[PDB]
C-alpha cells in the first residue's frame, strides 16, 4: 500500500490533538491484535473538512505493521454503480479475511455513499453493505481493524452507522493561535520576522482551520511579493474562519 499518496505532506505535531489521535489509534491497534473477545474493532475518524482525517487514518494503519493493510477509496470507483461499489468493497474485505491480522481503511464515507444534502440522496445499497461489513467478524481467530473517515459525523449518525463503529476519534481543525504558529514553524514557510507579525495578529485569538486548508492558504500567500505575503495570509485566514452565528 502506498502511504506517500495519502500522507503527501507528512504528519506534523501542531498540537496535542495530533498526539491524541495517534495514541488512541495505537490503543485500538493493540486491542485488535491482542483481544480474543473483540477480534473485530472499528473506529471512525471524524472532524471538519480538511482537518487531516485521511492522512491520520493512513498513519495509524501504517504504524500497525499489520501483514494486510488496504485503503478503500472513492478515487478508483468514479462513475461506479451501487452494485459495482459493493462488489469492490466485498473484494477488499474478503482479502482481509484471509489474513490473520488486517487493517482496512474506509476513506471518505460520505463520498463512498454518494451523499448529497439536497434530498438528501445517497447510495443505500452501499450504506447497507458498510453496515454489515462493520459488524462482520473475520473467520474465527483472525483479526480486523476497520478505520473509517468522514467530515459528516452528523449524517452517519442519522444513517445509524455511527452506532456500528466501536468508537470514534475526533480530528479537530487547528483551533488556537499557538497551534497555528506551531504548524507554520514546523512547515517552515514564513521568515522568522513574518511569523512574529502573524503571532502578534493571532495570539490569544481563536482560529478554526484544517491542516490541509492551511497548506493551501500558505501557498497562495507565497505567490505575493515579499512585502504582501503576510497581509495576504491574514486576509485569507480571515475568510476561512468559523461563522460566529453559524
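Positions refer to the first chain, counted from 1.
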Do the CA atoms of 123 to 131 or those of 158 to 166 have the higher mean B-factor in the entry?
158 to 166
178 to 186 versus 191 to 199 - which carries the larger mean C-alpha B factor in the record
191 to 199
Residue with highest C-alpha B-factor in the PDB entry, from 59, 50, 70, 206
206
Considering every modelled residue of the chain and its Cα B-factor in the PDB entry, is residue 141 in the lowest, middle or highest third?
highest
Residue 150, C-alpha B-factor rank within chain (lowest, middle or highest third)
lowest
Should residue 34 be placed in the lowest, middle or highest third of its chain by the C-alpha B factor in the entry?
highest
Using the temperature factors of the C-alpha atoms in this entry, rank residue 65 within its chain: lowest, middle or highest third.
highest
Please say which third, lowest, middle or highest, residue 98 falls into when its CA temperature factor is compared across its chain.
highest
